[PDB]
Amino acid sequence: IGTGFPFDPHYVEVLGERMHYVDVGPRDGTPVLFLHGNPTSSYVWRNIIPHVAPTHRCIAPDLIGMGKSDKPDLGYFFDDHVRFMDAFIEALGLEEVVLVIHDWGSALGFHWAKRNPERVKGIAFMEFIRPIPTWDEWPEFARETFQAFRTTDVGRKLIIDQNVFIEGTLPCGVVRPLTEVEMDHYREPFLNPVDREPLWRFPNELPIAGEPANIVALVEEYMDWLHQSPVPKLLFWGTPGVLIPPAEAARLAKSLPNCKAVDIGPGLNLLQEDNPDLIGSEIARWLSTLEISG
Ligand SMILES: CCCCCCOCCOCCOCCn1cc(CN(Cc2c[nH]nn2)Cc2cn[nH]n2)nn1
Ligand SMILES: [Cl-]
């Protein structure tokens, strides 16, 4: 599994800030937009993009406050990420897109799709944000940690002062051991403790046990839209998963229209780090089938 990040930096100005993105592949055709989540960056897509770049433009931004994107003094609410991602997409002048989305990247991508349904030609997704009705529906091994994350004093001490989301939670989201080179890539944007605000706000935005109520409502609405939409769908899942256990992936594979589901084997949250070749190869082949009438 490759540790390098061999992508030239591209930058675009967005609402007075600068955002970084990977941009490879041909200039024409429908672009494939890759959206990472917490606590990653476009680095998480590094071994998936090469399977897709021969046939499609691949665009992989770093969320505001993350990766190589700028770090304004925001709260980094989900609302803030929505604002910047909306403006990022318009700044590149994208028209129709295929979405490849993960974790908080999936909340951004589904929320954007719901509002721009004519511009989404397909959605590939994995370990994505859905409403978690009670804490019993959160994986037992991660319950006490995320419950502590969702406090102001203790959670900020863990995530901001002690960098637990990077040093502890992140490697706990991968079945295989991350190498020191891979850890340093994930560590790079957050070496300065003050810059770890998004890492703490994100778990406090998670729609768990009905709170925060604004995020729960928004996530419910895009899951409603997703069950209504004929858009082609590709769902990757692993065992045991974190956000999406296998029983839930099996349920969604039938309840979502026009949905193909792919078992990646063992996996927790960063499925991309456990089986990038399967995910990248299946995305590339699925993209081809989107051009077949039938
Ligand atoms: C869905 C969004 C992305 C999901 C990412 C993948 O999710 C995997 C789930 O990961 C759960 C495990 O989390 C990290 C495990 N872990 C435990 C500790 C030990 N202490 C944490 C703690 C304290 N009290 N309780 N816990 C650190 C400490 C120092 N001083 N005081 N405490 N460090 N790390
Ligand atoms: Cl999170």
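For this chain, numbers begin at 1 and follow the sequence in order. FYI, side chains are in, hydrogens and waters are out, and symmetry mates aren't considered; it's all heavy atoms of this structure.
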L94 and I59: CA distance, side-chain angles, deciding distance, side-chain contact (heavy atoms from CB on, under 4.5 Å) verdict: CA-CA 10 Å; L94 310 179; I59 306 171; 3.6 Å; yes
Check against side-chain contact (heavy atoms from CB on, under 4.5 Å), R18 and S69: CA-CA 6 Å; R18 190 175 70 180; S69 291; over 6 Å; no
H10 and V22: CA distance, side-chain angles, deciding distance, side-chain contact (heavy atoms from CB on, under 4.5 Å) verdict: CA-CA 6 Å; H10 305 247; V22 172; 6.0 Å; no
Residue pair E282, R285: steps toward the salt bridge (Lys or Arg N to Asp or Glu O under 4.0 Å) verdict: CA-CA 5 Å; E282 292 273 0; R285 287 183 273 141; 3.5 Å; yes
Full working for side-chain contact (heavy atoms from CB on, under 4.5 Å) between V98 and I123: CA-CA 6 Å; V98 176; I123 313 182; over 6 Å; no
CA sep, side-chain torsions, deciding dist, call: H102, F34, ring-ring contact (aromatic ring centres under 6.0 Å, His included): CA-CA 8 Å; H102 177 225; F34 299 74; over 10 Å; no
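Listed here is the closest heavy atom pair of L191 and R196: O-NH2, 3.5 Å. Taking each heavy atom of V216 and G210 in turn, the nearest pair found is CG2-C, 3.6 Å. Of all non-hydrogen atoms in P61 and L33, the two that sit nearest each other are CD-CD1, 3.7 Å. Between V262 and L278 the shortest heavy-atom distance is CG1-CD2, 4.1 Å. Residues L271 and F236 approach most closely at CD1-O, 3.7 Å, considering heavy atoms. In terms of heavy atoms, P26 sits closest to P54 at CD-O, 4.3 Å.
In this structure the side chain of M85 reaches within 4.5 angstrom of the side chain of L35, judged on heavy atoms. Counting heavy atoms from C-beta on, the side chains of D103 and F128 never come closer than 4.5 Å. Annotation: side chain of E127 is in contact with side chain of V242 (closest heavy-atom distance under 4.5 Å). Residues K233 and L252 fail the side-chain proximity criterion, which asks for heavy atoms closer than 4.5 Å. Using a 4.5 Å heavy-atom threshold, the side chains of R201 and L74 count as separate. A 4.5 Å side-chain heavy-atom check between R115 and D86 finds at least one atom pair inside the cut-off. Here the side chains of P189 and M66 are not in contact, with every heavy-atom distance at 4.5 Å or above. Between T3 and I1 there is no side-chain heavy-atom pair separated by less than 4.5 Å.
Summarising the local packing, CZ of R187 is surrounded by more than 12 heavy atoms from other residues, nucleotides or ligands at distances under 6.0 Å. Atom CG of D153 has 12 or fewer neighbouring heavy atoms from other residues, nucleotides or ligands inside a 6.0 Å radius. Around the CD atom of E188, the shell of radius 6.0 Å holds no more than 12 heavy atoms that belong to other residues, nucleotides or ligands. Atom CD of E144 sits in a sparse spot, with 12 or fewer heavy atoms from other residues, nucleotides or ligands closer than 6.0 Å.
Using a 4.5 Å cut-off between side-chain heavy atoms of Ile, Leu, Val, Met, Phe, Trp and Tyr, with links allowed through other members, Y76 and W112 fall into the same hydrophobic cluster. One hydrophobic cluster holds both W135 and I244 under the rule that ILVMFWY side chains link at heavy-atom gaps under 4.5 Å. Criterion: ILVMFWY side-chain heavy atoms under 4.5 Å apart, direct or through other members. Under it, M19 and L15 are part of a common hydrophobic cluster. When hydrophobic clusters are built by joining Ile, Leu, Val, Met, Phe, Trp and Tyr residues whose side-chain heavy atoms come closer than 4.5 Å, directly or via intermediates, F77 is not grouped with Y222. The cluster map of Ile, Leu, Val, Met, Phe, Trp and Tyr, joined by side-chain heavy atoms under 4.5 Å apart, puts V154 and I166 in the same cluster.
Aromatic ring centroids of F125 and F110 lie under 6.0 Å apart. A distance below 6.0 Å separates the ring centres of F88 and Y21.
For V174, the side-chain contact (heavy atoms from CB on, under 4.5 Å) partners at least two apart in sequence or on another chain are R176, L178, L270, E273, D274.
Cation-pi contact between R156 and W200: present, with separation from the ring centre below 6.0 Å and deviation from the ring axis of at most 45°.
A salt bridge is defined here as a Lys NZ or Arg NE, NH1 or NH2 lying under 4.0 Å from an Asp or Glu carboxylate O, and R251 with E248 meets this definition.
If you run ring pair (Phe, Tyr, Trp, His ring centres under 6.0 Å) between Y186 and each of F165, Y43, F5, only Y43 comes through.
Note that CE of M223 is 11.5 Å distant from CD1 of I129, once rounded to the nearest 0.5 Å. Here NZ of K114 is found 10.5 Å from CH2 of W225. Values are rounded to the nearest 0.5 Å. Put simply, CD on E167 and SG on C172 are 11.5 Å apart, with the number rounded to the nearest 0.5 Å. Put simply, CH2 on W104 and CD on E205 are 5.5 Å apart, with the number rounded to the nearest 0.5 Å. Note that CD1 of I215 and CD of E220 are 12.0 Å apart. Values are rounded to the nearest 0.5 Å. Going from atom CG of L226 over to atom CZ of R130 covers 13.5 Å, rounded to the nearest 0.5 Å.
For the salt bridge (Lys or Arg N to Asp or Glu O under 4.0 Å) condition, the pairs that include at least one residue of residues 55-82, sequence neighbours left out, are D23-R57.
Using modelled atom types, one side-chain atom of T151 and one backbone atom of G155 make a donor-acceptor pair closer than 3.5 Å. Panel note: side chain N258, backbone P230; a donor-acceptor pair is recorded below 3.5 Å. In this structure, the side chain of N275 engages the main chain of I264 through a donor-acceptor pair within 3.5 Å. Panel note: side chain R119, backbone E95; a donor-acceptor pair is recorded below 3.5 Å. Between the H36 side chain and the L63 main chain, a donor and an acceptor come within less than 3.5 Å of each other.
Defined by atom type and a distance below 3.5 Å, a donor-acceptor pair is missing between the side-chain atoms of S42 and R46. Remark: the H56 side chain and the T30 side chain contain no N/O donor-acceptor pair separated by less than 3.5 Å.
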Under 3.5 Å, sequence neighbours excluded: what are the donor-acceptor pairs made by side chains of residues 286-294?
residue : atom : partner : partner atom : Å
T289    : OG1  : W286    : O            : 2.6
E291    : OE2  : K121    : NZ           : 2.6

